[PDB]
Structures are given as C-alpha cells and as structure tokens.
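Below is one structure, written out as structure tokens; comments come after it.
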Amino acid sequence: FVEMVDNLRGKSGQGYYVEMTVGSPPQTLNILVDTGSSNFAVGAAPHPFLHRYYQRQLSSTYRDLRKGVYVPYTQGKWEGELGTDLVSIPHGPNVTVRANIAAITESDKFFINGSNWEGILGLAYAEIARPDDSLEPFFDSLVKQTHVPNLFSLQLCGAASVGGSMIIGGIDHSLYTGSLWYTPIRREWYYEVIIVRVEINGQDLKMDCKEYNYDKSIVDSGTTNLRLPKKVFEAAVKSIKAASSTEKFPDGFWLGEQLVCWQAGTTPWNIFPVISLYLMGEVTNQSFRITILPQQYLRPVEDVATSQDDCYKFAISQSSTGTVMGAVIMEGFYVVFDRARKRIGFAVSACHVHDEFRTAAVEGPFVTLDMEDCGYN
Ligand SMILES: CN(C(=O)CCCn1c(N)nc2cc(Cl)ccc21)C1CCCCC1
C-alpha cells in the first residue's frame with residue numbers, strides 16, 4: 001500500500017489531516033482524520049483562518065439535501081447545510097464515491113488559527129452521526145460503493161510538524177514490528193473498547209476495573225491527550241506523583257493548568273514511570289497489554305513564546321464522558337480499525353520514538369478474569 005504511506009501531515013497538537021478532493025472538477029482540501037466522530041464536514045465559507053473552502057457553486061455533481069445540521073460541544077460549535085457530492089482521496093485507494101458532506105457555514109472555536117486543515121472526516125459509526133444515524137458516514141459509503149475492504153489503519157508518527165499514514169482498505173506490514181493484538185469493539189458507535197487492568201511501572205492500580213471504563217473507553221485520533229475518568233485519574237497521578245520522587249512539581253502541572261520546564265535536554269524521563277493498559281482480548285479470560293512511555297505522555301510545547309527551556313504539558317487529564325485513548329496512546333502504535341471483524345488491533349509502530357532503556361510494547365497473552373464486568377451498562 002505504498003501510495004498511502006506518509007499521506008498524513010499536521011502540526012503538534014493541531015491533529016493529523018489527509019488530502020481529499022470534493023466535487024467535479026475536484027477541489028482539494030486538507031481534512032482532519034477523526035476516529036471520534038462520524039460526520040464528514042468541510043468549511044464552505046471564507047472564514048479568515050481558512051486557507052481554502054468548499055465552493056458548491058463550482059461543482060456540477062453537488063446535490064442539496066435541503067437540511068441543516070447543528071453540532072454544539074463544550075467550547076464551541078459548527079453548523080452547516082447537508083448535501084452529497086463526489087469525494088476521493090488522492091493518496092488513498094483509486095476510487096471516487098458519493099458521500100454526505102456537511103457544508104459548514106457557521107462555527108465558534110472550531111477552526112484553528114494557524115492550522116492547515118479545512119474540514120473533519122469522522123471515521124466512527126452512524127450511531128453518533130449528526131443530526132441522526134440516517135446520515136451515512138463517509139467510510140460506510142466508501143465500502144458500500146467500491147470493493148475497498150471494510151477496515152483502515154493508522155500510524156501516527158508525531159514529529160512542530162507531524163506525519164503518519166492512513167492505510168485505507170488494509171494493513172501495511174512495514175508500519176509495524178512484532179504481532180498485532182486485537183481488542184473487541186464493544187459497540188459500534190465510538191470505537192469503544194474495554195480496559196481491564198492498569199499498571200504504572202508494573203504496579204496494579206487495584207481499582208475496580210469498571211472505573212476504567214466509566215462510562216466509555218474509546219479510541220480517538222481527534223484528541224491529543226490520554227484522558228481518564230475523574231476517579232481513575234486521581235489514582236493514576238497519585239501513583240505517578242509517587243513513582244517520580246527525585247523531583248517535585250506544581251499541583252497545577254498535574255491539572256494541565258501550568259506548564260513544567262527543565263533546562264533544555266535535561267529532562268529526566270526515567271523518574272517518570274511507564275503506563276500499561278491491559279485491553280480485553282479475543283478470547284474468554286484472555287487479555288493483552290499496551291505499554292507507553294513518558295516520551296508519550298509528557299509532550300513538548302513549542303509555544304511558550306515567553307520561555308527559553310524545555311516545557312511540557314502533562315498529557316493526561318480527566319473526563320465526564322470516560323477514558324479517551326488519544327494521540328498519546330496511538331503514537332506508540334500501529335492501530336488497525338478492523339470494522340469488518342469488530343475489533344481494533346495494536347502493534348508496536350515502526351515509527352515510535354524510542355530511547356536507550358525503555359521501549360513501547362504490545363504483549364500477550366495474559367489471564368484476566370471477569371473482563372465483562374469491566375464494561376459499563
Ligand atoms: C473540540 N474538539 C475536541 O474536543 C476533540 C475531542 C473530542 N472530539 C472529536 N474527536 N471529534 C470531535 C468533533 C466535535 Cl464537533 C467535538 C468534539 C470532538 C475537536 C474540535 C474539532 C477538531 C478536533 C478537536
């Protein structure tokens with residue numbers, strides 16, 4: 001799948017985008033890859049932050065659905081006009097499909113000033129499509145209309161700019177080492193999974209596992225951070241604050257409220273612990289674990305334009321909507337979204353940034369009992 005390798009570009013913290021064309025003749029746009037939403041939505045008006053926008057007047061294959069969509073969220077919103085048009089991915093399979101497109105005509109704190117992307121490609125399921133599950137997501141359209149197998153895979157490579165690979169319709173063996181390990185997709189809405197055990201430095205947090213998945217755990221390329229439920233994040237940092245005693249830091253640091261800095265290069269990775277998430281396996285009583293480094297959860301902030309050292313945001317933080325395995329997780333791994341078999345695969349990435357003493361890993365099998373129980377109803 002060589003034509004697809006390295007088809008993702010981005011800047012640190014601003015997400016990963018892929019080049020897409022919409023309409024006839026084709027209009028090129030950069031489109032954020034988002035496994036945490038299900039709408040294909042593109043800027044359609046000259047917002048000042050946008051390099052470019054979808055011009056429906058130029059497209060002979062444009063069809064109006066004559067229906068609006070309104071998408072509110074915490075700090076903002078986007079809204080627009082539903083329609084369909086012809087859509088392709090130049091560095092993706094060699095096919096063109098008719099997909100639903102939300103033409104965004106108003107938004108608040110949605111677009112990033114300084115970023116080079118102009119829309120979002122929600123790769124998750126119809127269940128969370130807006131305004132409702134009858135709006136067929138792009139990837140469902142793609143599979144329905146071509147012979148492209150029902151799966152895609154992501155290698156997010158992380159670095160000011162980032163690259164990676166979205167392989168649509170298959171798996172590229174050169175993007176990973178060792179074996180793939182699969183965790184079941186518990187339900188087709190978000191890419192929901194079940195974490196069954198957590199260890200910081202080989203030490204079990206010994207929380208009821210149900211806590212880990214309260215009330216969801218999801219895989220999300222649209223989120224930078226590893227995000228954790230309040231009750232689990234308290235426990236996580238308690239053990240993280242404790243594994244890292246040689247040095248102390250502001251309390252706000254841990255709340256993602258202040259930054260932390262050391263003399264350039266002088267960052268002590270090693271006083272920071274590895275974190276291991278055991279996921280539900282394919283077999284009864286069987287699990288596997290993925291292990292990430294501090295080099296994954298301490299992410300270097302380029303933008304302190306009032307600083308001269310090495311400052312990082314603690315990239316773990318809390319939620320009311322459950323665990324989110326964002327780019328901090330995904331960047332250590334090759335992630336396989338095997339929709340045809342309702343499972344997600346993880347292997348060690350051939351690109352993840354490794355150091356002398358400690359390495360990201362995917363290991364199994366382990367014996368874990370009562371893994372169902374870990375899920376929330
Ligand atoms: C505000 N945002 C987020 O909080 C991202 C985290 C959750 N999330 C994801 N993955 N896709 C999203 C789409 C919307 Cl409309 C709102 C939240 C989203 C998104 C704004 C649009 C681009 C991705 C970040």
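Residue numbers start at 1 in each chain; chains themselves are named A, B, ... in the order of the structure tokens; ligands are numbered from 1 in the order shown.
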
Name the residues, by chain letter and number, that sit within 6 Å of ligand 1 using only C-alpha atoms and all ligand atoms, and give them as JSON, numbers by chain.
{"A": [34, 36, 37, 71, 73, 110, 220, 222, 223]}

Give me, as CSV, the closest atom pair and its distance (Å, one decimal) for every residue of region 267-357 of chain A within a cut-off of 12 Å of region 190-193 of chain A, counting only C-alpha atoms, rows sorted by chain and rising number.
residue,atom,partner,partner_atom,distance
A:277,CA,A:193,CA,11.5
A:278,CA,A:193,CA,10.9
A:279,CA,A:193,CA,7.6
A:280,CA,A:193,CA,7.7
A:281,CA,A:193,CA,10.2
A:282,CA,A:193,CA,11.7
A:321,CA,A:190,CA,11.7
A:322,CA,A:192,CA,10.2
A:323,CA,A:193,CA,9.6
A:324,CA,A:192,CA,9.4
A:325,CA,A:193,CA,9.8
A:326,CA,A:191,CA,11.7
A:335,CA,A:191,CA,11.7
A:336,CA,A:191,CA,11.2
A:337,CA,A:191,CA,8.3
A:338,CA,A:191,CA,10.3
A:339,CA,A:191,CA,9.4
A:342,CA,A:191,CA,9.3
A:343,CA,A:193,CA,8.6
A:344,CA,A:191,CA,8.2
A:345,CA,A:193,CA,11.0

Residue 47 (chain A) surroundings by only C-alpha atoms, 9 Å radius, close-in-sequence under 6 positions cut, as a ChimeraX atom specification:
/A:53,105-106,111

Separation of CA of residue 194 (chain A) from CA of residue 359 (chain A), in Å and rounded to one decimal
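Separation of CA of residue 194 (chain A) and CA of residue 359 (chain A): 23.5 Å.
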
Top pick for closest residue to residue 377 (chain A), considering A:148, A:104, A:122, A:186 and counting only C-alpha atoms:
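Going through A:148, A:104, A:122, A:186 one by one, the smallest distance to residue 377 (chain A) is for A:186.
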
Just to confirm, what's the straight-line distance from CA of residue 201 (chain A) to CA of residue 285 (chain A) in Å (one decimal)?
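CA of residue 201 (chain A) sits 23.1 Å away from CA of residue 285 (chain A).
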
Smallest atom-to-atom distance to residue 52 (chain A): which of A:90, A:119, A:265, A:80, using only C-alpha atoms?
A:119

Please, what distance in Å, to one decimal, runs between CA of residue 225 (chain A) and CA of residue 187 (chain A)?
22.5 Å
